[PDB]
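As provided, upload-v4.csv (CSV, N, CA and C atoms) reads as follows.
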chain,number,residue,atom,x,y,z
A,2,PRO,N,41.2,45.2,98.9
A,2,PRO,CA,42.0,44.9,100.1
A,2,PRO,C,42.4,46.2,100.8
A,3,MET,N,42.6,46.2,102.1
A,3,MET,CA,42.8,47.4,103.0
A,3,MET,C,44.0,47.3,103.8
A,4,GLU,N,44.7,48.4,103.9
A,4,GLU,CA,45.9,48.5,104.9
A,4,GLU,C,45.7,49.7,105.7
A,5,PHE,N,46.4,49.8,106.8
A,5,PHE,CA,46.2,50.9,107.8
A,5,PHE,C,47.5,51.6,108.0
A,6,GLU,N,47.5,52.9,108.2
A,6,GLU,CA,48.7,53.7,108.5
A,6,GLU,C,48.3,54.8,109.5
A,7,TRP,N,49.3,55.2,110.3
A,7,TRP,CA,49.2,56.4,111.2
A,7,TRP,C,50.5,56.9,111.6
A,8,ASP,N,50.5,58.1,112.1
A,8,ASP,CA,51.8,58.7,112.7
A,8,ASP,C,51.9,58.1,114.1
A,9,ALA,N,53.0,57.5,114.4
A,9,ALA,CA,53.3,56.9,115.8
A,9,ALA,C,53.1,57.9,116.9
A,10,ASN,N,53.5,59.1,116.7
A,10,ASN,CA,53.5,60.1,117.8
A,10,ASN,C,52.0,60.5,118.0
A,11,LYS,N,51.2,60.6,116.9
A,11,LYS,CA,49.8,60.9,117.0
A,11,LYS,C,49.1,59.8,117.8
A,12,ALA,N,49.5,58.5,117.6
A,12,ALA,CA,48.9,57.4,118.3
A,12,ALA,C,49.2,57.6,119.8
A,13,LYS,N,50.5,57.9,120.1
A,13,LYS,CA,50.8,58.0,121.6
A,13,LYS,C,50.0,59.2,122.2
A,14,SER,N,49.9,60.3,121.6
A,14,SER,CA,49.2,61.4,122.1
A,14,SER,C,47.7,61.1,122.2
A,15,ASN,N,47.2,60.3,121.3
A,15,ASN,CA,45.7,60.0,121.3
A,15,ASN,C,45.5,59.1,122.5
A,16,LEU,N,46.4,58.1,122.8
A,16,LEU,CA,46.2,57.3,124.0
A,16,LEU,C,46.3,58.1,125.3
A,17,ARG,N,47.3,59.0,125.3
A,17,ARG,CA,47.4,59.9,126.5
A,17,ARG,C,46.1,60.7,126.8
A,18,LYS,N,45.6,61.3,125.7
A,18,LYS,CA,44.5,62.3,125.9
A,18,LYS,C,43.2,61.6,126.0
A,19,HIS,N,42.9,60.6,125.2
A,19,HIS,CA,41.6,60.0,125.0
A,19,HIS,C,41.5,58.6,125.5
A,20,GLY,N,42.6,57.9,125.8
A,20,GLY,CA,42.5,56.6,126.3
A,20,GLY,C,42.3,55.5,125.3
A,21,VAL,N,42.3,55.8,124.0
A,21,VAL,CA,42.1,54.9,122.9
A,21,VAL,C,43.4,54.6,122.1
A,22,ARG,N,43.7,53.4,122.0
A,22,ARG,CA,44.9,52.9,121.1
A,22,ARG,C,44.4,52.9,119.7
A,23,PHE,N,45.3,53.4,118.8
A,23,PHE,CA,45.0,53.3,117.3
A,23,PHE,C,45.0,51.8,116.9
A,24,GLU,N,45.7,50.9,117.5
A,24,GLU,CA,45.7,49.5,117.2
A,24,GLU,C,44.3,48.9,117.5
A,25,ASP,N,43.6,49.5,118.5
A,25,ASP,CA,42.2,49.1,118.8
A,25,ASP,C,41.2,49.9,117.9
A,26,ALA,N,41.5,51.1,117.5
A,26,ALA,CA,40.7,52.0,116.6
A,26,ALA,C,40.5,51.3,115.3
A,27,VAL,N,41.6,50.7,114.8
A,27,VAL,CA,41.5,49.9,113.5
A,27,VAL,C,40.4,48.8,113.6
A,28,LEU,N,40.1,48.3,114.7
A,28,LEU,CA,39.2,47.2,114.8
A,28,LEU,C,37.8,47.6,114.6
A,29,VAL,N,37.4,48.9,114.6
A,29,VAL,CA,36.1,49.3,114.3
A,29,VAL,C,35.7,48.8,112.8
A,30,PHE,N,36.7,48.7,111.9
A,30,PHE,CA,36.3,48.3,110.5
A,30,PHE,C,36.0,46.8,110.4
A,31,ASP,N,36.4,46.1,111.5
A,31,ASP,CA,36.1,44.6,111.6
A,31,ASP,C,34.7,44.4,112.2
A,32,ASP,N,34.1,45.5,112.7
A,32,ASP,CA,32.7,45.4,113.2
A,32,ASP,C,31.7,45.5,112.1
A,33,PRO,N,31.0,44.5,111.6
A,33,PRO,CA,30.2,44.6,110.4
A,33,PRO,C,29.1,45.7,110.6
A,34,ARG,N,28.8,46.2,111.8
A,34,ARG,CA,27.8,47.2,112.0
A,34,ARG,C,28.4,48.6,112.1
A,35,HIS,N,29.7,48.7,111.9
A,35,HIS,CA,30.3,50.1,112.0
A,35,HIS,C,29.5,51.1,111.1
A,36,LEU,N,29.5,52.3,111.6
A,36,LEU,CA,28.6,53.4,110.9
A,36,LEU,C,29.5,54.5,110.5
A,37,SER,N,29.6,54.9,109.3
A,37,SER,CA,30.6,55.8,108.7
A,37,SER,C,30.0,57.0,108.1
A,38,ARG,N,30.5,58.2,108.3
A,38,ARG,CA,30.1,59.4,107.5
A,38,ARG,C,31.3,60.1,106.9
A,39,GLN,N,31.1,60.7,105.7
A,39,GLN,CA,32.2,61.4,105.0
A,39,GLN,C,32.1,62.8,105.3
A,40,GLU,N,33.2,63.4,105.7
A,40,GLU,CA,33.3,64.8,106.1
A,40,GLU,C,33.7,65.7,104.9
A,41,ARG,N,34.9,65.5,104.4
A,41,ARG,CA,35.5,66.4,103.3
A,41,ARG,C,36.6,65.7,102.6
A,42,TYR,N,37.0,66.3,101.5
A,42,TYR,CA,38.2,66.0,100.7
A,42,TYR,C,39.3,66.9,101.4
A,43,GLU,N,40.4,66.3,101.8
A,43,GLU,CA,41.5,66.9,102.6
A,43,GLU,C,42.8,66.4,102.1
A,44,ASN,N,43.7,67.2,101.5
A,44,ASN,CA,45.1,66.8,101.2
A,44,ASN,C,45.1,65.5,100.3
A,45,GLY,N,44.2,65.4,99.3
A,45,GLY,CA,44.2,64.4,98.3
A,45,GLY,C,43.4,63.1,98.8
A,46,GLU,N,42.7,63.1,99.9
A,46,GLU,CA,42.0,61.9,100.4
A,46,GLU,C,40.6,62.4,101.0
A,47,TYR,N,39.8,61.4,101.3
A,47,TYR,CA,38.5,61.8,101.9
A,47,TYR,C,38.6,61.5,103.4
A,48,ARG,N,38.2,62.5,104.2
A,48,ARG,CA,38.1,62.3,105.6
A,48,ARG,C,36.7,61.7,106.0
A,49,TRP,N,36.7,60.8,106.9
A,49,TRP,CA,35.5,60.1,107.3
A,49,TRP,C,35.5,60.0,108.9
A,50,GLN,N,34.4,59.7,109.5
A,50,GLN,CA,34.3,59.3,110.9
A,50,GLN,C,33.6,58.0,110.9
A,51,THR,N,34.0,57.1,111.7
A,51,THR,CA,33.4,55.8,111.9
A,51,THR,C,33.2,55.4,113.3
A,52,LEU,N,32.0,54.9,113.6
A,52,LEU,CA,31.6,54.4,114.9
A,52,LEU,C,31.7,52.8,114.9
A,53,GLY,N,32.3,52.2,115.9
A,53,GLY,CA,32.2,50.7,115.9
A,53,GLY,C,32.5,50.2,117.3
A,54,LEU,N,32.2,49.0,117.5
A,54,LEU,CA,32.4,48.3,118.8
A,54,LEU,C,33.7,47.6,118.8
A,55,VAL,N,34.5,47.8,119.8
A,55,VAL,CA,35.9,47.2,119.9
A,55,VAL,C,35.9,46.2,121.0
A,56,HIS,N,36.3,45.0,120.7
A,56,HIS,CA,36.5,43.8,121.6
A,56,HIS,C,35.2,43.5,122.4
A,57,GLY,N,34.1,43.8,121.8
A,57,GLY,CA,32.8,43.6,122.4
A,57,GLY,C,32.6,44.5,123.6
A,58,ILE,N,33.4,45.5,123.9
A,58,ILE,CA,33.5,46.2,125.3
A,58,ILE,C,33.1,47.6,125.1
A,59,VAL,N,33.5,48.3,124.1
A,59,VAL,CA,33.2,49.8,124.0
A,59,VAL,C,33.1,50.3,122.6
A,60,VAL,N,32.1,51.2,122.4
A,60,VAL,CA,31.9,51.9,121.1
A,60,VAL,C,32.9,53.1,121.0
A,61,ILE,N,33.7,53.1,120.0
A,61,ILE,CA,34.6,54.2,119.8
A,61,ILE,C,34.3,54.9,118.5
A,62,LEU,N,34.6,56.2,118.4
A,62,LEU,CA,34.5,57.1,117.3
A,62,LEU,C,35.9,57.3,116.7
A,63,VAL,N,36.1,57.0,115.4
A,63,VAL,CA,37.4,57.1,114.8
A,63,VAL,C,37.4,58.1,113.6
A,64,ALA,N,38.3,59.0,113.7
A,64,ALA,CA,38.5,60.0,112.6
A,64,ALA,C,39.6,59.5,111.7
A,65,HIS,N,39.4,59.3,110.4
A,65,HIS,CA,40.3,58.7,109.5
A,65,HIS,C,40.2,59.2,108.1
A,66,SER,N,41.1,58.9,107.3
A,66,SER,CA,41.0,59.2,105.9
A,66,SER,C,41.0,57.9,105.1
A,67,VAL,N,40.6,57.9,103.8
A,67,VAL,CA,40.6,56.8,102.9
A,67,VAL,C,41.3,57.2,101.6
A,68,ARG,N,42.2,56.4,101.1
A,68,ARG,CA,42.8,56.6,99.8
A,68,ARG,C,42.8,55.4,99.0
A,69,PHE,N,42.6,55.5,97.7
A,69,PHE,CA,42.5,54.3,96.8
A,69,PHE,C,43.8,54.3,96.0
A,70,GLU,N,44.5,53.1,96.1
A,70,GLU,CA,45.7,52.8,95.3
A,70,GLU,C,45.4,51.7,94.3
A,71,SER,N,46.4,51.3,93.5
A,71,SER,CA,46.2,50.3,92.5
A,71,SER,C,46.1,48.9,93.2
A,72,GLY,N,44.9,48.4,93.4
A,72,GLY,CA,44.7,47.0,93.9
A,72,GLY,C,44.6,47.0,95.4
A,73,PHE,N,44.7,48.1,96.1
A,73,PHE,CA,44.5,48.2,97.6
A,73,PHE,C,44.1,49.6,98.0
A,74,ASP,N,43.5,49.6,99.2
A,74,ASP,CA,43.0,50.9,99.8
A,74,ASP,C,43.9,51.1,101.1
A,75,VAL,N,44.0,52.4,101.5
A,75,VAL,CA,44.7,52.7,102.7
A,75,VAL,C,43.8,53.6,103.5
A,76,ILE,N,43.6,53.2,104.8
A,76,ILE,CA,43.0,54.0,105.8
A,76,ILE,C,44.1,54.5,106.7
A,77,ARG,N,44.1,55.9,106.9
A,77,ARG,CA,45.0,56.5,107.8
A,77,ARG,C,44.2,56.9,109.1
A,78,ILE,N,44.6,56.4,110.2
A,78,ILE,CA,43.9,56.8,111.5
A,78,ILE,C,44.5,58.1,111.9
A,79,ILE,N,43.6,59.0,112.3
A,79,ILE,CA,43.9,60.4,112.7
A,79,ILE,C,43.6,60.7,114.1
A,80,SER,N,42.5,60.2,114.6
A,80,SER,CA,42.1,60.5,116.1
A,80,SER,C,41.1,59.5,116.5
A,81,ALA,N,40.9,59.2,117.7
A,81,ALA,CA,39.9,58.3,118.2
A,81,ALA,C,39.5,58.6,119.6
A,82,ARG,N,38.2,58.5,119.9
A,82,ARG,CA,37.8,58.7,121.3
A,82,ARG,C,36.6,57.8,121.6
A,83,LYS,N,36.2,57.7,122.9
A,83,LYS,CA,35.0,57.0,123.2
A,83,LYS,C,33.8,57.8,122.6
A,84,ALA,N,32.8,57.0,122.1
A,84,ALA,CA,31.6,57.6,121.6
A,84,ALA,C,30.7,58.1,122.8
A,85,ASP,N,30.0,59.2,122.5
A,85,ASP,CA,29.1,59.8,123.6
A,85,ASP,C,27.7,59.3,123.4
A,86,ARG,N,26.7,59.8,124.1
A,86,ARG,CA,25.3,59.2,124.1
A,86,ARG,C,24.7,59.3,122.7
A,87,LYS,N,24.7,60.5,122.1
A,87,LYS,CA,24.1,60.6,120.8
A,87,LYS,C,24.8,59.7,119.8
A,88,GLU,N,26.1,59.5,119.9
A,88,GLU,CA,26.8,58.7,118.9
A,88,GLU,C,26.6,57.2,119.1
A,89,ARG,N,26.5,56.8,120.3
A,89,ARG,CA,26.1,55.4,120.7
A,89,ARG,C,24.7,55.2,120.1
A,90,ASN,N,23.8,56.2,120.2
A,90,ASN,CA,22.4,56.0,119.8
A,90,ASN,C,22.3,55.8,118.3
A,91,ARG,N,23.1,56.5,117.5
A,91,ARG,CA,23.2,56.4,116.0
A,91,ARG,C,23.8,55.0,115.7
A,92,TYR,N,24.9,54.6,116.4
A,92,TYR,CA,25.5,53.2,116.2
A,92,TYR,C,24.5,52.1,116.4
A,93,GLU,N,23.7,52.1,117.5
A,93,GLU,CA,22.8,51.1,117.8
A,93,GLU,C,21.5,51.1,116.9
A,94,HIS,N,21.0,52.3,116.7
A,94,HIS,CA,19.6,52.5,116.1
A,94,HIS,C,19.5,53.2,114.8
A,95,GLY,N,20.6,53.8,114.3
A,95,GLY,CA,20.6,54.5,113.0
A,95,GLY,C,20.3,53.5,111.9
B,14,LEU,N,42.8,38.9,125.0
B,14,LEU,CA,43.6,40.1,125.3
B,14,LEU,C,44.3,39.8,126.6
B,15,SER,N,45.5,40.4,126.8
B,15,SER,CA,46.1,40.4,128.1
B,15,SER,C,45.1,41.0,129.1
B,16,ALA,N,45.3,40.6,130.4
B,16,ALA,CA,44.5,41.2,131.5
B,16,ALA,C,44.6,42.7,131.6
B,17,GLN,N,45.7,43.3,131.4
B,17,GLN,CA,46.0,44.7,131.4
B,17,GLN,C,45.2,45.4,130.2
B,18,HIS,N,45.3,44.9,129.0
B,18,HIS,CA,44.6,45.5,127.9
B,18,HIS,C,43.1,45.4,128.1
B,19,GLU,N,42.6,44.2,128.5
B,19,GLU,CA,41.2,44.1,128.8
B,19,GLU,C,40.7,45.1,129.8
B,20,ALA,N,41.5,45.3,130.9
B,20,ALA,CA,41.2,46.2,132.0
B,20,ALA,C,41.1,47.7,131.4
B,21,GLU,N,42.0,48.0,130.4
B,21,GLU,CA,42.0,49.4,129.9
B,21,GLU,C,40.6,49.6,129.2
B,22,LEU,N,40.1,48.6,128.5
B,22,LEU,CA,38.9,48.7,127.7
B,22,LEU,C,37.7,48.8,128.6
B,23,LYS,N,37.8,48.0,129.7
B,23,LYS,CA,36.7,48.0,130.6
B,23,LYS,C,36.6,49.4,131.4
B,24,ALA,N,37.7,50.0,131.7
B,24,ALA,CA,37.8,51.3,132.3
B,24,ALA,C,37.2,52.3,131.3
B,25,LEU,N,37.6,52.2,130.1
B,25,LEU,CA,37.0,53.2,129.0
B,25,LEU,C,35.5,53.0,129.0
B,26,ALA,N,35.0,51.8,129.0
B,26,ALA,CA,33.6,51.5,128.9
B,26,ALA,C,32.8,52.1,130.1
B,27,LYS,N,33.5,52.3,131.2
B,27,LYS,CA,32.8,52.9,132.5
B,27,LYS,C,33.0,54.4,132.5
B,28,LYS,N,33.8,55.0,131.6
B,28,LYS,CA,33.9,56.5,131.5
B,28,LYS,C,32.6,57.1,131.3
B,29,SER,N,32.2,58.2,132.0
B,29,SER,CA,31.0,59.0,131.8
B,29,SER,C,31.1,59.9,130.6
B,30,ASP,N,30.0,60.3,130.0
B,30,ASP,CA,30.1,61.3,128.9
B,30,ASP,C,30.8,62.6,129.4
B,31,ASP,N,30.7,62.9,130.7
B,31,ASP,CA,31.3,64.2,131.2
B,31,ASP,C,32.8,64.2,131.0
B,32,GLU,N,33.4,63.0,130.9
B,32,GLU,CA,34.8,62.7,130.9
B,32,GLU,C,35.4,62.7,129.5
B,33,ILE,N,34.5,62.7,128.5
B,33,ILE,CA,35.0,62.7,127.1
B,33,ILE,C,35.6,64.1,126.7
B,34,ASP,N,36.7,64.1,126.0
B,34,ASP,CA,37.4,65.2,125.5
B,34,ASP,C,37.1,65.4,124.0
B,35,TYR,N,36.4,66.4,123.6
B,35,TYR,CA,36.0,66.7,122.2
B,35,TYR,C,37.0,67.6,121.4
B,36,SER,N,38.2,67.8,121.9
B,36,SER,CA,39.1,68.8,121.3
B,36,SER,C,39.7,68.3,120.0
B,37,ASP,N,39.7,67.0,119.7
B,37,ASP,CA,40.2,66.5,118.4
B,37,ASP,C,39.0,66.0,117.5
B,38,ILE,N,38.0,65.5,118.1
B,38,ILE,CA,36.8,65.1,117.3
B,38,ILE,C,35.6,65.7,118.0
B,39,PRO,N,35.1,66.8,117.4
B,39,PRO,CA,34.0,67.5,118.1
B,39,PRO,C,32.7,66.6,118.2
B,40,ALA,N,31.8,67.0,119.1
B,40,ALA,CA,30.4,66.5,119.3
B,40,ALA,C,29.7,66.7,118.0
B,41,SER,N,28.8,65.7,117.7
B,41,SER,CA,27.9,65.7,116.5
B,41,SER,C,26.5,65.9,116.8
B,42,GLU,N,25.6,65.9,115.8
B,42,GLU,CA,24.2,65.9,116.0
B,42,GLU,C,23.6,64.8,115.1
B,43,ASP,N,22.4,64.3,115.4
B,43,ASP,CA,21.8,63.2,114.5
B,43,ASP,C,21.8,63.6,113.0
B,44,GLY,N,21.6,64.9,112.7
B,44,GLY,CA,21.5,65.4,111.3
B,44,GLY,C,22.8,65.3,110.6
B,45,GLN,N,24.0,65.5,111.2
B,45,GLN,CA,25.3,65.2,110.6
B,45,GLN,C,25.5,63.7,110.3
B,46,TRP,N,24.8,62.8,110.9
B,46,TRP,CA,24.8,61.3,110.6
B,46,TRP,C,23.6,60.9,109.8
B,47,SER,N,23.0,61.7,109.0
B,47,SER,CA,21.9,61.4,108.1
B,47,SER,C,22.4,60.6,106.8
B,48,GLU,N,23.6,60.9,106.3
B,48,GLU,CA,24.1,60.3,105.0
B,48,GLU,C,25.1,59.2,105.4
B,49,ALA,N,25.2,58.7,106.6
B,49,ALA,CA,26.2,57.7,107.0
B,49,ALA,C,25.9,56.4,106.2
B,50,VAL,N,26.9,55.6,106.1
B,50,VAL,CA,26.8,54.2,105.5
B,50,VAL,C,27.2,53.2,106.6
B,51,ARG,N,26.4,52.1,106.8
B,51,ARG,CA,26.8,51.1,107.8
B,51,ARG,C,27.5,50.0,107.0
B,52,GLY,N,28.6,49.5,107.6
B,52,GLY,CA,29.4,48.4,107.0
B,52,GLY,C,30.3,48.9,105.8
B,53,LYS,N,30.5,50.2,105.7
B,53,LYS,CA,31.2,50.9,104.5
B,53,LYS,C,32.5,50.2,104.2
B,54,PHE,N,33.3,49.9,105.2
B,54,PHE,CA,34.7,49.5,105.1
B,54,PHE,C,34.9,48.0,105.6
B,55,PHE,N,33.8,47.3,105.8
B,55,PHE,CA,33.8,45.9,106.3
B,55,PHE,C,34.4,45.0,105.2
B,56,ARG,N,35.4,44.2,105.5
B,56,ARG,CA,35.9,43.2,104.5
B,56,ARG,C,35.9,41.9,105.3
B,57,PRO,N,35.2,40.9,104.7
B,57,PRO,CA,35.1,39.6,105.4
B,57,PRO,C,36.4,38.7,105.3
Starting from the file, give its structure as structure tokens.
Amino acid sequence: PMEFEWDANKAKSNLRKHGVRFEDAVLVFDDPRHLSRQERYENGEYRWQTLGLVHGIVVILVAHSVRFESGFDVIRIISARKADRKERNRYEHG
Amino acid sequence: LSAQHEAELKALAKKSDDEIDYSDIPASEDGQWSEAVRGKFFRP
């Protein structure tokens, strides 16, 4: 089972700078075709990046962490922006 | 979705790659996405 967390101020800044809501960034994990890569171990968790389609309208790139607890996992949303040409190409054809 | 929320997503869908800000999540290359997993965190 999975739960989501983030810093509320980081969410507001992300919307200001990049135009993506963290509440919509969470929805990439509901896209069965989402594409994920692991970057590093950071502050006790693994950092990942995930591409997915939100509301059938736009492919977004989400920077997040994953942590394993007793009976549930937690994803922390860190940043999100629109995917660019190369990233859309990996999401569609990778 | 509300009409306003839908409109935000359609505006984002029309943004050109020139308008993307890479200052928090840098640009990638195909090689950095060689070990990716599809559906990694999908829960039905």
Selected residue, from A:45, A:95, A:33, A:53, that lies nearest to chain B when counting only C-alpha atoms: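 Residue with the minimum atom-to-atom distance to chain B: A:33.
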message: My list of candidates is A:13, A:2, A:67, A:37. Which is closest to residue A:88 when distances are computed with only C-alpha atoms?
response: A:37
- request: From a DSSP pass on the backbone, collect the residues of chain A flagged as strand (DSSP E) and hand them back as a PyMOL selection string.
  value: chain A and resi 3-6+36-43+46-55+59-70+73-83
- prompt: Smallest atom-to-atom distance to residue A:7: which of A:79, A:29, A:90, A:85, using only N, CA and C atoms?
  reply: A:79
Exercise: residue A:62 partners within 12 Å, only C-alpha atoms, chain neighbours under 3 positions left out, as an MDAnalysis selection string: (chainID A and resid 19 21:23 25:30 35:38 49:55 59 65 78:89 91:92) or (chainID B and resid 33:35 37:41)
message: Counting only N, CA and C atoms, a student should be able to say which residues of chain B come within 7 Å of chain A; what is the right answer, written as JSON, numbers by chain?
response: {"B": [22, 23, 25, 26, 30, 33, 34, 37, 38, 43, 45, 46, 48, 49, 50, 51, 52, 53, 54, 55, 56]}
query: How many Å separate atom N of residue A:24 from atom N of residue A:70?
result: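 So the two atoms, atom N of residue A:24 and atom N of residue A:70, lie 21.5 Å apart.
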- request: Using atom CA of residue A:73 and atom CA of residue A:5 as the two end points, give the distance in Å to one decimal.
  value: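 Separation of atom CA of residue A:73 and atom CA of residue A:5: 10.7 Å.
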Which of chain B DSSP labels alpha helix (DSSP H), written as an MDAnalysis selection string: chainID B and resid 16:27
Write out the residues from the selection above, keeping N, CA and C atoms, as an mmCIF file, in the frame of the given file.
data_model
loop_
_atom_site.group_PDB
_atom_site.id
_atom_site.type_symbol
_atom_site.label_atom_id
_atom_site.label_comp_id
_atom_site.auth_asym_id
_atom_site.auth_seq_id
_atom_site.Cartn_x
_atom_site.Cartn_y
_atom_site.Cartn_z
ATOM 1 N N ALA B 16 45.300 40.600 130.400
ATOM 2 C CA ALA B 16 44.500 41.200 131.500
ATOM 3 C C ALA B 16 44.600 42.700 131.600
ATOM 4 N N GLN B 17 45.700 43.300 131.400
ATOM 5 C CA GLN B 17 46.000 44.700 131.400
ATOM 6 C C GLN B 17 45.200 45.400 130.200
ATOM 7 N N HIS B 18 45.300 44.900 129.000
ATOM 8 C CA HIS B 18 44.600 45.500 127.900
ATOM 9 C C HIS B 18 43.100 45.400 128.100
ATOM 10 N N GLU B 19 42.600 44.200 128.500
ATOM 11 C CA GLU B 19 41.200 44.100 128.800
ATOM 12 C C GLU B 19 40.700 45.100 129.800
ATOM 13 N N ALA B 20 41.500 45.300 130.900
ATOM 14 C CA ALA B 20 41.200 46.200 132.000
ATOM 15 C C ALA B 20 41.100 47.700 131.400
ATOM 16 N N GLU B 21 42.000 48.000 130.400
ATOM 17 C CA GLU B 21 42.000 49.400 129.900
ATOM 18 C C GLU B 21 40.600 49.600 129.200
ATOM 19 N N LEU B 22 40.100 48.600 128.500
ATOM 20 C CA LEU B 22 38.900 48.700 127.700
ATOM 21 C C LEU B 22 37.700 48.800 128.600
ATOM 22 N N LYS B 23 37.800 48.000 129.700
ATOM 23 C CA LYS B 23 36.700 48.000 130.600
ATOM 24 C C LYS B 23 36.600 49.400 131.400
ATOM 25 N N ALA B 24 37.700 50.000 131.700
ATOM 26 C CA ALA B 24 37.800 51.300 132.300
ATOM 27 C C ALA B 24 37.200 52.300 131.300
ATOM 28 N N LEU B 25 37.600 52.200 130.100
ATOM 29 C CA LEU B 25 37.000 53.200 129.000
ATOM 30 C C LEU B 25 35.500 53.000 129.000
ATOM 31 N N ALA B 26 35.000 51.800 129.000
ATOM 32 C CA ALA B 26 33.600 51.500 128.900
ATOM 33 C C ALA B 26 32.800 52.100 130.100
ATOM 34 N N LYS B 27 33.500 52.300 131.200
ATOM 35 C CA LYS B 27 32.800 52.900 132.500
ATOM 36 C C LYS B 27 33.000 54.400 132.500
#
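The coordinates place atom CA of residue A:72 at 11.2 Å from atom CA of residue A:4.
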